[PDB]
Amino acid sequence: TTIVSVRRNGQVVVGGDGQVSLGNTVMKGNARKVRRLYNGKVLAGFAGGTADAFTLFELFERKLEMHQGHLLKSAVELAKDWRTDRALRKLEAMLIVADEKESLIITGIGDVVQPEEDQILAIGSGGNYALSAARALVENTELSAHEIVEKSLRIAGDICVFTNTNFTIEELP
Amino acid sequence: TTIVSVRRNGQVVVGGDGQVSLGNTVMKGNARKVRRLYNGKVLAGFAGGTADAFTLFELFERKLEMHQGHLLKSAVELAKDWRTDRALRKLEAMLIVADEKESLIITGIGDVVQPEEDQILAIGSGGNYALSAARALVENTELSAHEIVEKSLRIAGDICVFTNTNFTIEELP
Amino acid sequence: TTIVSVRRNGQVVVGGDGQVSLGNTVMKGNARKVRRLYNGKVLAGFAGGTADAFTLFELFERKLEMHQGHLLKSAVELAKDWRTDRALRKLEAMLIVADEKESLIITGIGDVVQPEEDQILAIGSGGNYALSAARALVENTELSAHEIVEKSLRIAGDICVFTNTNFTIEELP
Amino acid sequence: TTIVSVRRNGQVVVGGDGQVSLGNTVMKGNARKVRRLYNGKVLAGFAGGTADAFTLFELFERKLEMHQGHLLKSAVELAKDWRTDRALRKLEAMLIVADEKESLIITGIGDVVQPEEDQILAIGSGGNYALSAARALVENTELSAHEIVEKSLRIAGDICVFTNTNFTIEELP
Amino acid sequence: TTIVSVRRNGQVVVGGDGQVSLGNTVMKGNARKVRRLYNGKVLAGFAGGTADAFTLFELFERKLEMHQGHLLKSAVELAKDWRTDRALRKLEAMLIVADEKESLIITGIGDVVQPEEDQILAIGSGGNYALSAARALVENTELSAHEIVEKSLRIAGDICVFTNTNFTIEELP
Amino acid sequence: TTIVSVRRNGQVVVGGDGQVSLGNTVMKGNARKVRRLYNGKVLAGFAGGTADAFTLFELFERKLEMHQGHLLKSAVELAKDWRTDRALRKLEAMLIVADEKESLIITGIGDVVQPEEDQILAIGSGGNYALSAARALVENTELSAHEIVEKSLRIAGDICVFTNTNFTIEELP
Amino acid sequence: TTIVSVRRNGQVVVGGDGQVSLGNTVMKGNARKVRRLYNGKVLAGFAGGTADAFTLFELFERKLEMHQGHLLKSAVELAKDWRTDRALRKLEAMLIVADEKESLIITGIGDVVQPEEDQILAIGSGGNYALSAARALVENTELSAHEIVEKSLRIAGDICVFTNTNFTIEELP
Amino acid sequence: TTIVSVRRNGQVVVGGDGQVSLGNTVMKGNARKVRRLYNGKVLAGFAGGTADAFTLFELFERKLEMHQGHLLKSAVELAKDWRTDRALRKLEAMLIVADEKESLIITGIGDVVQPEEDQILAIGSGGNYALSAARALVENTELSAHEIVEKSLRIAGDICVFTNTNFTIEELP
Amino acid sequence: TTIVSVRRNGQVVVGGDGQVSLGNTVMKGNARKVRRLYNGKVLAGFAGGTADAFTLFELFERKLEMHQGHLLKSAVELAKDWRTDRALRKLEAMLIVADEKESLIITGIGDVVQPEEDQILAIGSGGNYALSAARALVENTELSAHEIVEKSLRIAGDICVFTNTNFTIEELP
Amino acid sequence: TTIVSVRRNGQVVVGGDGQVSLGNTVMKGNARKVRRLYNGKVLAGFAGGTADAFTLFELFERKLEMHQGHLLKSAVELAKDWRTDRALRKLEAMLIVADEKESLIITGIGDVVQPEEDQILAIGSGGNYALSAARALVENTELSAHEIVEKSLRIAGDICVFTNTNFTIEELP
Amino acid sequence: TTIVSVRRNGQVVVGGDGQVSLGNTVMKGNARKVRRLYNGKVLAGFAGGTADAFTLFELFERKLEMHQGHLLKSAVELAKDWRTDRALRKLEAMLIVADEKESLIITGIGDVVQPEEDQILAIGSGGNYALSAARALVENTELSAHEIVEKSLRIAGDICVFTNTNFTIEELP
Ligand code: NA
Ligand code: NA
Ligand code: NA
Ligand code: NA
Ligand code: NA
Ligand code: NA
Ligand code: NA
Ligand code: NA
Ligand code: NA
Ligand code: NA
Ligand code: NA
């Protein structure tokens, strides 16, 4: 799987591939791994099971609601529940969330993580390939966030055997 | 084991082989791996032990009962429990469930998988062989869902040493 | 890797994908895994390294040359050498060879395998997926050997993470 | 694989299944693993590659020729060459040979082996299942050697996942 | 280690980082992993032991001398010896070689890999990060082969813990 | 990771690098591995998973609250729970804690370690490089605890591939 | 670690080294591994973690308190608990306890070991080296228990890489 | 083992510990691992067997003689022989050599290695501990090369269980 | 350890060696592994820890008391408690008990076991060596039970490295 | 397998059972594991593969022919070749040889073992049971070498699951 | 095995036990592991197989013969051959050699080890136990080299389960 997010010129984009694998074979090629949350104001991508994601996103939504849409505070609270609840600790998904203010990665083992000056984030087995391509593109071209995410996902999909080239890409605003 | 499901022209079929193996030998060759649940309105196939299957199908029916028969919602709820409950986590299996509206694969690893547009799902050691055959038949013939399931199970049985050719096939309506 | 061969109505076809993988990443996606040998009269496909393939195909041509172009005899002779020569024993690969008379799988483990009556052979990690599809197509359609090979390779490519969809297909005559 | 031989009432029979496996999948279901050698006077079954068998049987034929058809002496000489020649030691096949006088098993690691009062011999992963059935049949029924071999192969094929039910059976005289 | 090679508009460049690690520690940071061979007409880089690579570089030159300096033929011949020689099989490394005509990866597992149409090759633990960045830059900028190699090496170095940012870059002509 | 603590002339400092690695790649470079606990009266640093460490930091505060803020007693109590609790035994980490009176390493293997007379403690993959540099500086210079921690962390970072040079340094008072 | 005890002419001594190791490096070189318990009337040495030791010695004192200071009875009772309690079973250590009447080794594997007639006991990775030296000294010199313990610990320290030469030695009376 | 070399203010020093270990025990504590070669003009330290060292040093001496005392050229030739001769490849020692001009590390697998601006080199299991201490000392004190080597060896000996504190130190001039 | 029991001519004897081992070394050479229970009327030998034995024998005594000295009934009840109590299941000792009526082996995993016509029983790593010698002696000599046990223990001690020749032998009456 | 040899009062006997097992099943029960070599002047028995043993028996005869029939010298020479030859090192077996003068065990691990004063040797999985019984009988009865071998083999057969009770016993003269 | 050598007041002694073990059982208890070489002027003890010992001692004598009886030179020469010769590299053993001038340990890993100033050397599984005892006796008694060797071997034999108490001791002059 490869999920990558790029923020450039007032726009933030989260995009992911569509491959669901079991061992060395493909169970599904058109999975949608990026969704819109909080009435469309938050983009969320996930590497992991759909049931794990449903659980984590519903919980994140509850947090956003109680924290007046504050992404970082909601994310910190989510990570706290994630590592403290015995049921939630069983969830191994990895998440990327982004709103008009900031982008973050959240995982059960690593808590919350913010980007570097780059404003590029990536997760999944193919994450570092998309990251390498995105950094090259951000630093050497004037491409929009959307173009960079699409191009980076393609490059990662052509290298990682667990990432395909059927993408779901969401952009804000 | 091979369980395969195809939905075509208003009919959905779930079929499976009958081989139960211990190591490299056959303990039983006429196991029934597909059953009808929820007053006969839901087809369910499983790759795993019979006692494990009983536990999981009983719980799935309880979900169906409390979630107004909605398959996807019940499947996700079952997956969350399976993924997090200490007892259920010990159950190693894969399930395929289908009703008049849709078909799903339920796993114990936090995933619920929907089919590609061809509406074909398969699980078990020989699942990908039946899947390959079913996709070829759906995309290149006008055979019925039932006929495709029967032919795909046979092709899988002749290839996978853990799948035999004694089938149990259920159809809805 | 996936190599598949089908013989139908006087035509024999051998086709393969183009993916070369190292671990879980792609080193090359346009490898040509099928070549014509013996003055264009023999089709050969291989699952293994390119240098290994060169050595084995060169030896197979020498066998063809000294055994009056008889495919089965040359194949058995190649297999005996491959099975017993210290240098050749180090070569890990599977080969499919076909001429106007017959098709064979040659292995380095002392076996030469002839097809079932459907005249279909397949090797490689995704071989059984193409085999399943090819058998379904041969037994249920009137598609040409070429069309079956193309469709089977595609089905295998969409399932096996080590097989892609960039094909090389050779036909005889 | 299962090869079994039974001698009863002046008749000797050698029969084998037809499954060729690679890992947990079937490469071929109609292999003929029993052949007639020495102008029909010797029945020979083998568990192993066809190239290994071709090699071993050609060598055995040469021995029979020089030993005036004496099975035991030819077998002893074959086993000697088998464990002394570095090329032959690479051959892992297992053989059963029978003529009108005696039946024998020959392997590269175990040399020559003669039956017990039973006059039943079996080799292959399913060998002991056929042996168990054959002993039960010889000791408790008046069935002919041919009937016992056919029935025993079936019983072994239904238990061993590497043995199928497509048999080749040869009888003397 | 990260070695990356790019060929663009008549210029062929091979670059590598300079980190040598023992276990999870840095032993040296200024290693020269790219060398000029064959009277300065060939560029070669390596991932793996220095002694091992030097041994292979010498043998490759001998192959070039033997085969009229033809890169592909010499690479296949080196790959064959590497695959079978008792001592060379003990050598752990991957190589990239390039001349004015072509570029290749040589492995010790029977493979000689040509690049895709982008004409880029990369090897080493950080190889795929440099590969991702290089493909992004070749496909979306007009940067020179040299610039792309330096930028891709830097991107790989900021991701792979075994790749640093002290490069040796060689070009032809 | 490298965490090092030095106590010299009334000043107690705990510093750590900021690299978080996934496999052999850098996931983040600005992690905060040293935190102020117990109303800012305790400094704590960790080597291992972030979620794991956060869970242990919370439990340590509860021990401090329970045992009147006595560091050693609270550390021994945390070590005992860590050693026996089903869930805590799954937590992989090593901790350094320090207050105005003493400094300690807490492990999950039943050990609470006090420093030697030099009053230095270090943990993490690069811990012993920082320990070596710190002892050299404490024994041969008049540098402050803060300066020694920064210099030792830098020396560790230039040697350990999992330790970078972006530090978080905390001091008491 | 090396702990050794010798009883001679009305004196019993327990001594140990000070090395605490993690893998192949030293975390602490001045650990005190021998303490006085039960109002100073019992000597106790341990090979294991300090927190584990605290738990076990605290329990041993409770046993002493309820069993009228009888060492053997208290030791057996401690061993039964250590062997069967879920929490205690997680504690990996070896203990030596001695009073004015006798000396014992207590283990977590259901054993309490009394010394041979020479009244010498030793535990730890270097225990058998101190044991060898102590037996030689007791059987061939008139040295005091204290002198023998000191010399034996030194001999063990010079041989075992996990035992150092910084001793803690306690004597009774 | 720990061998470290420091060059400062016109002086070069090579020093080593004296521990020879077999598994986790010490076979010898006073080994001399630093010798003077080339009539005293070259200092040479080694981590490895004495017979390996005798072999390598005699060969190095021959080289120095033929190269008019040129250290780098002699070292390069030594490394070439080392990786090309089947007998020499069996030698696993690691060497450090230093004369009035330069210092170098030489190993059978890494060929020749020159220092960084530091002019500090170290080898052996304890090498990086001495290196860390030496770098701290060179950068923050005015200590002579001899004092730094003595102090660094001590620090490494107190951390590494395979390095002791019985040193042999040689200085030029 | 070796414990053996022989009953002959109205006498029953239980004898054991005295070696207590930890890994490949001896912790004690004069252990008494055979005791008299039930006021001398029952002989009991044990292979295992002394604390485990103390526990099991005290429990057995309680049983004998309530079952009016009936050995088999007491043994059956002991084995029942042993496999049903979570604390007792942790005890891995093996026992042999004998009174004037019968001899039995009792273990936590095998419950109760009675001898064959032999009236010889043995347990411990050296058990089968003593058993082999005892059977030879019972069947071919007129030696008393005591002589046979002494001789058999010696033979086992000379073969098994975990059994020594310092025996404790008890006889009834 | 169990092979045992006894020399008593001028008679030298070597006996063995006849079971050949494949995995945990009996393949044959009448194997001949003791043979007469060197013009019937030497008795030899083997534990291990039949082909392997036959190869070693032939080579041993060649050593006898080379060294004037001296058993010890020939055994040491066979042991040396067995220990170093590429092909012989692959042979898994243990041998017992005996002539009118002496008896020896030959291994492939550089050992040639002479018996103790009882003049008994035994090898194979059941070797030590036969050894125990044989020593008991030699030391406590006046039975002949032949009788002791038969009785010891039977005792071993009733204990070792890989040893049966169909013996081949050879004697000299 | 335990071999120990002590040199005191003009006498040098080498002594060893007699146990030869296979796994956890004794194959022989009276092996002679110490022999006199070079016209009785050299004492040699070995831990390893008897055939391996013969090969190595024969070669050592050839070295002695061509190097004018110089022990150290001959030992180093033997070690170089042992370390590099394909045949000798297969010999797993440790040797102790001693003459009227000095004592040495020779290994197959390129090392020749001289004793500490106490002139004591020991090899074998129980070597460090005899070493500990010998050092205690040499430093604290006036016992002769012979007496120390005898007492140290006994102490080692009572501790190491692979060393027995049947000694062979040789003295020079
Ligand atoms: Na992909
Ligand atoms: Na099947
Ligand atoms: Na694919
Ligand atoms: Na079957
Ligand atoms: Na890096
Ligand atoms: Na670093
Ligand atoms: Na030590
Ligand atoms: Na040390
Ligand atoms: Na013993
Ligand atoms: Na048996
Ligand atoms: Na012993």
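As a basis for the values below, the full set of heavy atoms in this structure was taken, side chains included, without hydrogen atoms, waters or symmetry mates. Each chain gets a letter, A, B and so on, in the order the sequences are listed, and its residues count up from 1.
- Checked by atom type and distance alone, the side chain of K/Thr50 never pairs as donor or acceptor with a backbone atom of J/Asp111 at under 3.5 Å.
- Annotation: the span from K/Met27 atom CE to J/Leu131 atom CG amounts to 9.0 Å, rounded to 0.5 Å.
- Here the side chain of K/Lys28 pairs a donor or acceptor atom with the backbone of J/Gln114 at under 3.5 angstrom.
- Here the side chains of J/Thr84 and K/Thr55 are not in contact, with every heavy-atom distance at 4.5 Å or above.
- A donor-acceptor pair is defined here as one N or O able to donate and one able to accept, closer than 3.5 Å; no such pair exists between the side chain of K/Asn30 and the backbone of J/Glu116.
- The nearest pair of heavy atoms linking J/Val112 to K/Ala51 is CG2-CB, 4.4 Å.
- Using a 4.5 Å cut-off between heavy atoms, J/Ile106 does not touch chain K at all.
- Rounding to the nearest 0.5 angstrom, the gap separating the CG atom in K/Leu88 from the CZ atom in J/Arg83 is 11.5 Å.
- To the nearest 0.5 Å, atoms CG (K/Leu22) and CD1 (J/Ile109) are separated by 6.0 Å.
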